[PDB]
Amino acid sequence: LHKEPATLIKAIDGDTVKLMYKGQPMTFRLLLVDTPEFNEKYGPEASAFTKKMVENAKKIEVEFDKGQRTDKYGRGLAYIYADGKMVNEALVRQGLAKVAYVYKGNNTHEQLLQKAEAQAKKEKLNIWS
Ligand SMILES: Cc1cn([C@H]2C[C@H](OP(=O)(O)O)[C@@H](COP(=O)(O)O)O2)c(=O)[nH]c1=O
Ligand SMILES: [Ca+2]
């Protein structure tokens, strides 16, 4: 996989963010994770976590997997990195997202994220508390 540049337009929630990519505004949905909706428990905390990570970054990058790059709603599907740290993973490691939506051919970082989840769960963090 390859990292590509993007810039933040606006944080949205725990697992969606609006970025400018190749000069065009797009909503991205984070691969392989599910954060609670804002109205659900840990939703606000997930929103806040993602917002802080992307707003504080000097450099946002997008990394598409090998499969589908957009979902049926037109959202980009990618791993998102903030100053080199994967937001997807960081969410899972902090117990603010579950590994989820693992579809074959867009699952390159599945094992990485399952490992993060196992550690979050062992720590009894957030969703696992
Ligand atoms: C994360 C991801 C979501 N989706 C679609 C599946 C779900 O369809 P439904 O809307 O029919 O449930 C929805 C979940 O996104 P949200 O968790 O953002 O609601 O997005 C994909 O198609 N591919 C993906 O990789
Ligand atoms: Ca969600």
Side-chain angles (χ1 to χ4, degrees):
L1 304 188
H2 297 285
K3 281 161 187 181
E4 301 177 60
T7 49
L8 183 66
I9 291 164
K10 199 164 23 184
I12 310 178
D13 80 344
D15 58 24
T16 66
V17 64
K18 181 166 191 187
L19 300 183
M20 194 186 288
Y21 168 74
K22 288 187 165 178
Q24 303 307 327
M26 293 172 62
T27 299
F28 282 82
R29 178 57 169 87
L30 291 189
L31 280 171
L32 299 183
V33 307
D34 193 31
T35 54
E37 304 297 325
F38 180 92
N39 77 293
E40 290 152 3
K41 193 167 179 36
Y42 297 113
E45 288 77 8
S47 296
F49 180 97
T50 295
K51 172 188 168 51
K52 179 172 177 192
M53 199 158 170
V54 296
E55 280 179 3
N56 288 6
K58 311 308 201 193
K59 175 181 67 166
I60 300 293
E61 294 164 291
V62 162
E63 181 181 60
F64 295 105
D65 210 323
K66 306 294 218 205
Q68 180 164 97
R69 294 190 176 197
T70 61
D71 67 16
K72 62 190 191 191
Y73 301 116
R75 306 182 293 180
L77 297 168
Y79 309 101
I80 300 301
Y81 293 83
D83 288 332
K85 311 260 196 122
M86 200 205 302
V87 177
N88 315 53
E89 189 193 12
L91 279 158
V92 173
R93 182 62 183 81
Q94 293 305 316
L96 290 169
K98 295 182 174 183
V99 178
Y101 295 104
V102 179
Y103 304 93
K104 190 197 297 180
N106 267 351
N107 71 335
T108 291
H109 296 310
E110 176 184 7
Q111 304 173 279
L112 183 78
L113 275 42
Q114 282 167 351
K115 175 64 167 295
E117 193 187 86
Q119 192 63 25
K121 197 177 305 193
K122 201 170 327 286
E123 294 170 14
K124 288 189 149 67
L125 293 181
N126 289 313
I127 287 168
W128 311 115
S129 74

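Both ligands and their constituent atoms are indexed starting at 1 by order of listing. The analysis underlying the following values was restricted to heavy atoms, covering all of them including side chains, and did not include hydrogens, waters or symmetry mates. The first residue of the sequence shown is numbered 1, and numbering continues consecutively from there.
At least one heavy atom of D34 sits closer than 4.0 Å to an atom of ligand 1.
Distance check, rounded to the nearest 0.5 Å: CG of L112 to CZ of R93 gives 11.5 Å.
Counting all heavy atoms, side chain and backbone alike, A78 lies closest to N88 at O-ND2, 3.4 Å. Between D34 and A100 the shortest heavy-atom distance is CB-CB, 3.6 Å. When every heavy atom of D13 is checked against every heavy atom of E37, the shortest pair comes out as OD2-OE1, 4.0 Å. Of all heavy-atom pairs between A11 and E55, the closest is CB-OE2, 4.3 Å. Nearest heavy atoms, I9 versus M20: CD1-N, 3.6 Å.
Atom 12 (O) of ligand 1 has as its closest protein heavy atom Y101 OH, 4.5 Å. When hydrogens are left out, the protein atom nearest atom 16 (P) of ligand 1 is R29 NE, 3.6 Å; that is the closest non-hydrogen contact. The protein heavy-atom contact nearest to atom 6 (C) of ligand 1 is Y103 OH, 3.5 Å. Shortest contact from atom 10 (O) of ligand 1 to any protein heavy atom: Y73 OH, 2.6 Å. Looking at atom 19 (O) of ligand 1, its nearest protein heavy atom turns out to be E37 OE2, 3.9 Å.
In this structure, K3 places its NZ atom where more than 12 heavy-atom neighbours from other residues, nucleotides or ligands lie under 6.0 Å away.
Distances from the Ca ion (ligand 2) show that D13 has no N/O/S atom below 3.0 Å. For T35, the nearest N, O or S atom to the Ca ion (ligand 2) falls under 3.0 Å.
Both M26 and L30 are part of a single hydrophobic cluster, where members link through side-chain heavy atoms under 4.5 Å apart. Connection of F49 to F38 is not established within any shared hydrophobic cluster, with ILVMFWY side chains joined at heavy-atom distances below 4.5 Å, either directly or through further cluster members.
Residue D34 approaches the Ca ion (ligand 2) most closely through its N/O/S atom OD1. Restricting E37 to its N, O or S atoms, the one at the least distance from the Ca ion (ligand 2) is OE2. Taking the N/O/S atoms of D15 in turn, the shortest distance to the Ca ion (ligand 2) belongs to OD2.
Checking only distances, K72 does come within under 3.5 Å of ligand 1, N or O to N or O. Looking at ligand 1, you'll find an N or O of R75 within less than 3.5 Å of one of its N or O atoms.
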